[PDB]
Amino acid sequence: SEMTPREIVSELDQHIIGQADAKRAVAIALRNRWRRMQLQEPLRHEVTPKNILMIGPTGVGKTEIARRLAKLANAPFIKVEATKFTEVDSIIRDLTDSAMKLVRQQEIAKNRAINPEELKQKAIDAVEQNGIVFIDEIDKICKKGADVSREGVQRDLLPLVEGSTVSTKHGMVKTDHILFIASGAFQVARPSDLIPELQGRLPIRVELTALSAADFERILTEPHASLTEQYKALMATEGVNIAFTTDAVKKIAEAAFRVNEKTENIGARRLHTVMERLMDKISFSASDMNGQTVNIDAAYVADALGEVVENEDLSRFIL
Amino acid sequence: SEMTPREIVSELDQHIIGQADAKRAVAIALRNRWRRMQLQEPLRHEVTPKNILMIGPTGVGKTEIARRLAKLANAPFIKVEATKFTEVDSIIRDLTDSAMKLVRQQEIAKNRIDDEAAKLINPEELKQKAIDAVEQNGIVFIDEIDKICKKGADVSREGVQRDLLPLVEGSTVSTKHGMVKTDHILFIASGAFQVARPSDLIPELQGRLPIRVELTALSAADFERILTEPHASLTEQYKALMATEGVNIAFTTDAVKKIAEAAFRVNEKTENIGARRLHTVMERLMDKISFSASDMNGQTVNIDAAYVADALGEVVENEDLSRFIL
Amino acid sequence: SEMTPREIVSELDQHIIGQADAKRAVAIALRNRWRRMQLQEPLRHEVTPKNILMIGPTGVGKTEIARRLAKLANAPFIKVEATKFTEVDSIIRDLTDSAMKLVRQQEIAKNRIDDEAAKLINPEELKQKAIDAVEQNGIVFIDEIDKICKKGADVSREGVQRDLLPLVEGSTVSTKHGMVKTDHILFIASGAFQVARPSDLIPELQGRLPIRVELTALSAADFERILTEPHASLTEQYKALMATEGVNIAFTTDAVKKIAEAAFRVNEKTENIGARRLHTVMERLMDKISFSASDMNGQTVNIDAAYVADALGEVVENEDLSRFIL
Amino acid sequence: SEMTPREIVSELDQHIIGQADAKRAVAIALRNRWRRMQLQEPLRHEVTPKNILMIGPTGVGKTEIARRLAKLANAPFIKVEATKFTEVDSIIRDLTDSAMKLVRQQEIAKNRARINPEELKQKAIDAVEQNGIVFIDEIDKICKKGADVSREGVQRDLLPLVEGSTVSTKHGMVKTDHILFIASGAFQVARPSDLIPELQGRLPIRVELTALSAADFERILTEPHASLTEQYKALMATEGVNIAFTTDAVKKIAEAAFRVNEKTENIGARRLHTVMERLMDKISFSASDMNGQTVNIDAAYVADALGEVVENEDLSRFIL
Amino acid sequence: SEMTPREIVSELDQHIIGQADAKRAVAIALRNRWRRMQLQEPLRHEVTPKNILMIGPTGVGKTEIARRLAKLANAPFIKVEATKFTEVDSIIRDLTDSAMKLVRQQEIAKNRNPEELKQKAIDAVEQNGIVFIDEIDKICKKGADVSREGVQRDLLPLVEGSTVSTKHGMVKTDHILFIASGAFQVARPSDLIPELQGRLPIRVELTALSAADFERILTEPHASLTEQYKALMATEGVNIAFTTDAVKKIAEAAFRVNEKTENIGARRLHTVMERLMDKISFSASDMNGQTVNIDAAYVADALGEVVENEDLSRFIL
Ligand SMILES: Nc1ncnc2c1ncn2[C@@H]1O[C@H](COP(=O)(O)OP(=O)(O)OP(=O)(O)O)[C@@H](O)[C@H]1O
Ligand SMILES: Nc1ncnc2c1ncn2[C@@H]1O[C@H](COP(=O)(O)OP(=O)(O)OP(=O)(O)O)[C@@H](O)[C@H]1O
Ligand SMILES: Nc1ncnc2c1ncn2[C@@H]1O[C@H](COP(=O)(O)OP(=O)(O)OP(=O)(O)O)[C@@H](O)[C@H]1O
Ligand SMILES: Nc1ncnc2c1ncn2[C@@H]1O[C@H](COP(=O)(O)OP(=O)(O)OP(=O)(O)O)[C@@H](O)[C@H]1O
Ligand SMILES: Nc1ncnc2c1ncn2[C@@H]1O[C@H](COP(=O)(O)OP(=O)(O)OP(=O)(O)O)[C@@H](O)[C@H]1O
């Protein structure tokens, strides 16, 4: 009828490296969905979603985990920056909108081998029933004049979280049962700085960790459709056969990490950055470089990258 | 014909623990509705609702009591943040919209193949009836009104009050169903009022809110009860939830007593979020089982003080201190 | 053909206690309406309303008098805070809208299952008749105009005045029923004017508000009367309400004298909200009975000074002092 | 074909007392309209209105004169506070909206014999474009004297209109090119020479209006078609009372309005509507059951009904 | 096929007095239009307008020249205050709207169809539209300033060429000719954002209008003032005649004041005239048949002295 706690984490482990607690959290969450809606009418409607608040550094998974959860649950998903509102009902609106495309797409599948009404109500059903809403950087609309402008968005989100109704161009949808997942670094504010009303509709606090050299090494190759898995597949098209050696990855990764530490740690994005910086030349020539096989090793990588440029501060600003 | 003061309170006691004065308040209130509208035309329209202002701490019942009142009276209800307006007529608009659902759904079944049901309705009547619904027994719950009180940029708030007058005071607002009159809508306003006194609202309003009723902080002991008594209490819920995965669960008195003492415990030590703290502590305790409960079929978990005492781990506190003191 | 100066006052005396000059003012005013519109075309349109400005304390009648004047004249009425605009044409718009429900439910309950109703109507005429109603006998009450007076960010207010001129002064505004003209609407503006003088409004307006009339603070002795004289007074109402539950209630003179001396009492000690304070204290008194009156059938409660004195309790006041005093 | 400079003034003299130069200004102005539109195509469109800026005190005629001019010329008219904009195109919109009610108003008598909306509109549009009068009140306020560029902005905003542009109305496209504009203002702080040059020159005709005098009130009090006195008489008539104001009574009533205007907030001629309603107090109530009788309002009466004044409150309280 | 550089100046000379460099500039400009659009597809679209920035004092022709240029070219034309935006796409929108009328007014007399029209109108805009941005010097630089140096960034796309949606379809500012004007008494044109500063290649200056100049704008232009009053008083039956020395006087006068006070340029003639033709304009009605001989005496009278003297004193110690 549906996946299970441990069952879903597996699926998640397929695309995200590490960040366990988090995976579990959304798992037990997604699972409670099947549990309720399996209860009898009185409770089937009385029990409510156990919203999660993921705390963590930049780009280490919060979002993927969320987007994936939705994905493996074939659930209407939608992400929104909290600061985007410094019309909130739009969130639920957009969600429902997504809900159609979803239901619709999987309708022309059986209706190929219709009616408007059934669709809309069946999309609503989906929103109201299994919608995931991801509120990014909610830690930004926390507290720390012009502040009540932010501490306001919270009061503005309550009705959604807390359960209300918003009108969409497909009908009336109820936020009552939408699963919410709020994210944030919280380097300055504690989550215990949100308005109590919200602080309590965000029961599950889960933590995500900084990503390591060693970790990068993995995100670099394990994940279904990793970066290396991608370039290989991409240069392939041009006819070029490429191969990354262990030490090469180790190097690539030790490099991503290297800069993150020396400058603006942008988390795992730094891999997409270092990769494109490495796969630079080949990406161009790959075209008329048919047949060849590039053997990207530690030497290769160590060259393609060059020299880290740090210590710009000091001098210029110091006495 | 309709329930009664004491009668209604009973029904409320089913879902809210404590907060008596409050229950009564809304009870006498919902009762006066049946009393007028039982009077003769001159007065039937001359007498007006006795709106309520519930003063209290966070999540101790203010809203449930209202939401329930509405529910047990099958009345068009609607809640709105007071600060939401820092278009107010919307409140009445949304209300009417809800009365529709109520009045509609009230004739799609109780008064009676999916293509069956169309010209036997008369979509020219429903609305009218939906209006009456609103016009006659609408309950509006204005939350944290204490926030649009006083204490530049303040007149922006002391404004929402003047904006609400017309509703409370009695006016007409156009809805996509026609004209509805707030003249008889029952209004229930709520607020903590830790900074402002209710006697800080604009007099025009301060007198349209005649009934002042207080609600209490929720106690350890109180938690113990909200914990199990209420129709569909938390435990009553988890039990029902783990049931589905095949696990049979049971909470021992001492466990509840512990769970509660625990929620309370933290509330006092940090940000007292009222009863929400139970939903919080429960999800923290039911952690483990909630995962494994799936492949943990058949077994029966016996949640006792020991269990809880563990699942919750130790308390943290007074982070502050040091770092800010000399 | 219509009532008369002294004849209208009588009707007003039925619901308002005291506040005479005011009653007169709106009387002669309502009368002039019949006077013109009785004149020949040249003047029938040249002569304009003599708009009134009621200056008074809080809740002493300013609005009842207006709302009632309107009611006894079966005239489209509408009230608006002046500060509501710190779209003004909406005033006339909403007015026109009210003229519908008035005229509508006036050629349905007069000029007359719900199928023989589409007869006569002639929608394009109903409208053309409401527009007259507005244009001819509309009363617009502009509350707390003294607030949009003057005393930066002040021109925001001294602006709503310039914004109201065209209405007062006479112009046209488009309604969803057609074009209506403010030329003849009767305007009644009210305000306490504790800080600003009326002679602080913009001259343009200062002159279109010819009639100044003063209302008096409501006294203990006064309360005693608003408490029982007025058609459908408070006591008259409660009596009528407990009746329904089957309880027979009776207020002794000394009881009223007490209830009133009570309302006044607090009004003086705190935020004087005028007569609203009676609706307050009454509810605070009829507390118990209102609950139990249900299963308290047959009995008869005798509310005397003892009673009231009890049901109310003591008054709080010197909250101030201390804390902010050295 | 149309009235004349001296001919129109006559008509105006019928409702406004005094304020001559002004009447003339709008007269020559409404006349130039008939003059052009009588010329041949090249010029018929090349010559433009000679817009007026009336400078004056509060309520001494500026608007009546304008409202009336419009009226006597049966032209689409519209008045607007200049400060209302601190959507300007609305002016032309509302104007055109009026034209419609004005054309169609007279297109139901012509079509009484025994329509065609695609023409009607096309007509009101000609109406507006051809003889529209726009009255911009208190423009002296949007003059200059930060937050000031907010006002000196409305001017730049009005140019296109005054200067001649096109604005879309729900009846079609209309051209302000030929609309007649009359701007008014007290100008007690700013000189008209304070407006933006662009506008300072599209307001050629400067005409000044005078404060209203005791003597003047005496006249606004009885001469004007439908004067106040003429009105009350007409009003108490209905209740059956015959009333009569004696010369000296008028002289007194007026000396009185003036009196106060000088002593307090001079609101111009409105002060008469004020004093009249203050005097006609009593009678207005009792006139109802006072049938038959005849009240003889003389100097004594008025002197009574009015009482005494309050002329010197300040001092004290504020002075050391 | 179309007029020419020198050929257009002529036509302009007919309504504007002086301001030659200006006339030439729009001349070569309107001419370039015919030149391109005479080229072969690759270039017919590659070459773009050479936008003009006219710098000058108040009311000395900046706008007439432009409005006329447009007129004589039967082109969709539109003027806008630059500060009007302190929705910019409207300019192009309103322009299109205008071409619609210009394209109606022709297609109606031709016959003596929707699709064809809206499209046909659109080519008009896209192909020969003139947009006159006034007092752009105001949205130049000199906090709350980035609010102006913003309108520039807002105009770029138009000038620079983009597309905007009109209720008639999609139009492209790619080829619209833009003419911007401004006094520039405080800011230099070299103070606008570079992006724009390079899209306004042609800089042309207009001069202050002189006494002597006035004398001419006073009588030479088709439908000059005098020509106008004559024509107007004619209607009332009065025959009027201005004498040379009279015009010399009227003008000398206009100029006189401009110098002594708020120099509003040529408008000062519309001013002084109305001030002079005062009396006549009223009486002219029942003054039929007569003939008025407006000489220097007459003018010198009807105006009646006015030297500056206000300032100082009250403000000086
Ligand atoms: N542990 C990880 N496993 C797999 N992919 C990862 C991991 N961490 C980061 N990524 C990749 O890096 C990107 C991180 O996106 P994500 O938004 O989840 O970070 P975040 O912590 O949610 O950041 P923010 O809240 O600042 O947006 C994704 O493309 C993801 O595929
Ligand atoms: N005494 C109580 N008995 C039963 N349930 C309660 C009680 N107090 C709180 N709750 C539960 O805790 C939550 C309290 O939310 P609620 O909004 O009712 O509190 P509130 O005081 O009205 O809130 P706010 O602070 O937003 O006004 C609800 O889920 C309710 O079921
Ligand atoms: N003298 C009176 N006689 C009868 N009812 C009165 C009297 N004074 C007040 N009331 C009652 O008390 C309330 C007074 O409110 P009302 O709005 O009429 O006063 P107000 O002068 O308009 O106040 P505000 O200036 O604050 O609007 C009404 O409900 C009215 O029924
Ligand atoms: N000289 C006059 N003759 C006749 N009636 C007059 C005269 N002056 C004023 N009135 C009357 O008094 C009022 C004068 O107001 P008016 O419309 O003239 O304003 P205004 O003088 O233009 O002032 P502002 O522009 O400051 O509003 C009108 O009702 C008009 O009927
Ligand atoms: N050189 C001139 N020859 C003829 N007429 C002129 C001349 N200069 C100005 N005028 C007349 O004076 C008016 C000037 O308007 P114009 O729009 O040309 O001024 P501008 O210099 O563009 O002003 P702005 O400061 O608004 O840009 C027009 O009516 C025009 O006929």
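Residues numbered from 1 in each chain as written, not as in the entry; some residues may be left out. Chains lettered and ligands numbered in written order. Part of a larger assembly, values for the part shown. Heavy atoms only, no water. Residues with missing side-chain atoms left out of burial classes, pairs and counts.

### Looking at the overall build of chain D
Heads up, the condition is: The numbering of helices and of strands both runs from the N terminus, where a helix is a DSSP run of H or I of at least 4 residues and a strand a run of E of at least 2. Working definition: with a 1.4 Å probe on protein chains only, accessible area under 20% of the residue-type maximum means buried, over 50% means exposed, and in between means partly exposed. Reported accessibility uses the Shrake-Rupley method at a 1.4 Å probe radius. Residues are deemed covered only where the shown protein chains occlude them.
Broken down by element type, chain D carries 14 helices and 9 strands. Each principal axis of the C-alpha atoms in chain D carries an extent, and together these give about 70 × 65 × 35 Å. For chain D, the proportion of its 320 residues judged to be buried stands at 54%. A total of about 15000 Å² of accessible surface is found on chain D, and carbon and sulfur atoms cover 48% of it.

### Remarks on the interface of chain E and chain D
Keep this limit in mind: Residues count as neighbours in contact if any of their non-hydrogen atoms are within 4.5 Å of one another. Take the accessible area each of two parts loses on contact, using a 1.4 Å probe, and add the two losses: that sum is the buried area. The salt bridge criterion pairs a side-chain nitrogen of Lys or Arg with a carboxyl oxygen of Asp or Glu, the two atoms within 4 Å.
Opposite the 30 residues of chain E that make contact, chain D presents 32 residues. Roughly 2800 Å² is buried in total at the junction of chain E and chain D, and carbon and sulfur atoms are behind 51% of that figure. Of all residues in chain E, the largest losses of buried area upon contact with chain D belong to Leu232, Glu274 and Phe282 of chain E, amounting jointly to 22% of the total for that side. Inspection of the chain E/chain D interface yields 7 salt bridges. The closest approach of N and O atoms between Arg68 of chain E and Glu46 of chain D, which form a salt bridge, is 3.5 Å.

### Section: the sheet that holds strand β3 (residues 139-143) of chain B
Residue and element names in this part refer to chain B. As a reminder of what qualifies: Note: two strands are recorded as paired if DSSP finds a minimum of 2 bridges between them. Simply put, an axis is a line fit to the C-alpha atoms, just over the touching stretch for a helix, and the angle between two N-to-C directions goes from 0 to 180 degrees.
Spatially, 5 strands are ordered β2-β3-β6-β1-β7 in an open sheet, and the strand pairing comes out parallel. Looking along the sheet, the strands with just one partner apiece sit at the ends: β2 (77-81) and β7 (211-214). On average, adjacent strands in this sheet sit at an angle of 20° to one another, irrespective of strand direction. As defined by bridge partners, strand β1 (residues 52-55) adjoins strand β6 (residues 186-191) across 4 bridges and the pair is classed as parallel. Counted as the bridge partner of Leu53 is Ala189 from β6.

### So, helix α5 (residues 89-104) of chain C
Our working rule: Given the number of residues in a helix, its expected span is that number minus one, multiplied by 1.5 Å.
The end-to-end C-alpha separation of α5 of chain C is 23 Å, in line with the 22 Å expected for 16 residues at 1.5 Å each. Those residues of α5 of chain C not exposed but buried are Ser90, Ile91, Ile92, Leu95, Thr96, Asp97, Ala99, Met100 and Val103 of chain C.

### Here's the deal with the arrangement of the chains
In this assembly, 4 pairs of chains are in contact, and the pair contributing the most contacts is chains B and C. The smallest C-alpha distance separating chain A from chain C is 19 Å, and no contact links them.

### Concerning the relation of the copies chain B and chain C
Going by this rule: Copy-to-copy alignment rests on a least-squares fit of C-alpha positions.
Structural alignment of chain B on chain C gives an RMSD of 0.6 Å, achieved by rotating through 60° and translating 0.0 Å along the axis. Such values leave the two copies arranged in the relation of a six-fold axis. Using C-alpha coordinates, one finds that chain B approaches the rotation axis most closely at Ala153 of chain B, a distance of 11 Å.

### Re the packing of helix α10 (residues 234-244) of chain B against helix α12 (residues 276-285) of chain B
For any two helices packed against each other, one specifies the crossing angle of their axes together with the interaxial distance. All names here are of chain B. Where we set the bar: Left-handed describes a crossing whose near helix is turned anticlockwise from the far helix through less than a right angle; right-handed describes the clockwise counterpart. By the convention adopted, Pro, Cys, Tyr, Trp, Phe, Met, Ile, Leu, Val and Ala count as nonpolar, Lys, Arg, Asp and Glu as charged, and the other residues, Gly among them, as polar.
Close contact between α10 and α12 brings their axes to 11 Å; oriented N to C, the two are set at 35°. Judged by the twist between their axes, the crossing of α10 over α12 is right-handed. Contact residues: α10 offers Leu234, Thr235 and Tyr238, while α12 offers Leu278, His279, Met282 and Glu283. A per-class count over the contact of α10 with α12 returns 4 nonpolar, 2 polar and 1 charged.

### Let's talk about the pattern of salt bridges
Per the stated rule, a full pass over the model turns up 88 salt bridges over all chains. Salt-bridge contacts for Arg35 of chain B lead to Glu245 of chain C; the nearest nitrogen and oxygen are separated by 3.0 Å. Linking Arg35 of chain B in helix α2 (residues 20-35) with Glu245 of chain C in the loop between α10 (234-244) and β8 (248-251), this pair reaches from one chain into another. Each member of the pair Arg35 of chain B and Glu245 of chain C is classed as buried. In this structure, a network of salt bridges that share partners links the residues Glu158 and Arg162 of chain B together with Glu81 and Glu144 of chain C.

### Let's talk about the pairing of strand β3 (residues 130-134) of chain E
Residue and element names in this part refer to chain E. By the criterion of burial, β3 is predominantly enclosed, with 5 of the 5 residues buried. Both faces of β3 are covered, namely the face carrying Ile130, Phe132 and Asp134 and the face carrying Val131 and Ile133. In this sheet, β3 lies alongside strand β2 (residues 77-81) in parallel orientation, the contact comprising 5 bridges. Following the sheet pairing, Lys79 is matched in β3 by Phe132. In this structure, β3 lies alongside strand β6 (residues 177-182), joined through 4 bridges in parallel fashion.

### Structural notes on the environment of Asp281 of chain D
Residue and element names in this part refer to chain D. Note that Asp281 resides in helix α13 (residues 281-286). Overall, the relative accessible area of 28% leaves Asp281 in the partly exposed class. Put simply, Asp281 and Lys263 are 18 residues apart on the chain and 22 Å apart in space, counted from C-alpha to C-alpha.

### Looking at the site of ligand 5
Selection criterion: One heavy atom within 4 Å of a molecule or strand is enough for the residue carrying it to be called near that molecule or strand. Within 3.5 Å is the distance limit for a polar contact, defined as a pair of N or O atoms, with the added protein rule that one can donate a hydrogen and the other accept it, and that residues adjacent in sequence qualify only through two side-chain atoms.
Taken together, 18 residues form the shell around ligand 5, and within it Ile17, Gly59, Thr63, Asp134 and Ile217 of chain E come nearest. Around ligand 5, the neighbouring residues derive from chains D and E rather than from a single chain. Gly61 of chain E is positioned such that a nitrogen or oxygen atom in its backbone is 3.1 Å from a nitrogen atom of ligand 5. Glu64 of chain E places a polar main-chain atom, nitrogen or oxygen, 3.5 Å from an oxygen atom of ligand 5. A total of 640 Å² of accessible area belongs to ligand 5 in isolation, and the protein chains cover 87% of it.

### Some points on the interface of chain B and chain C
Each partner contributes residues to the interface: chain B has 36 residues there, and chain C has 32 residues. Here chain B packs against chain C, burying approximately 2900 Å² in sum over the two surfaces, 49% of which is carbon and sulfur. Across the contact surface, chain B and chain C share 9 salt bridges. Between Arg31 of chain B and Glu245 of chain C there is a salt bridge; the shortest N-O distance is 2.6 Å. Breaking the side of chain B that touches chain C down by element, the ones donating at least two residues are α1 (5-13), α2, α7 (157-169), β4 (172-175), β5 (178-181) and α8 (203-206) of chain B. In terms of residue count, the dominant contributor to the side of chain B that touches chain C is α2 of chain B (7 residues).

### Describing the domain arrangement of chain D
All names here are of chain D. Here is the rule: For the purposes of this description, domain bounds are those given by an automatic or database domain assignment.
The domain boundaries assigned to chain D delineate domain 1 (1-101 + 125-209) and domain 2 (212-318). The gap between the C-alpha centroids of domain 1 and domain 2 is 34 Å. Every contact between the two is made by 7 residues of domain 1 and, on the other side, 11 residues of domain 2. Contact between domain 1 and domain 2 buries roughly 710 Å² in total, counting both sides, with carbon and sulfur atoms accounting for 61%. Put simply, domain 1 and domain 2 have 0 salt bridges between them. Where domain 1 meets domain 2, there are 2 residue pairs in polar contact. Here the side of domain 1 that touches domain 2 is built from residues that sort into 2 nonpolar, 5 polar and no charged.

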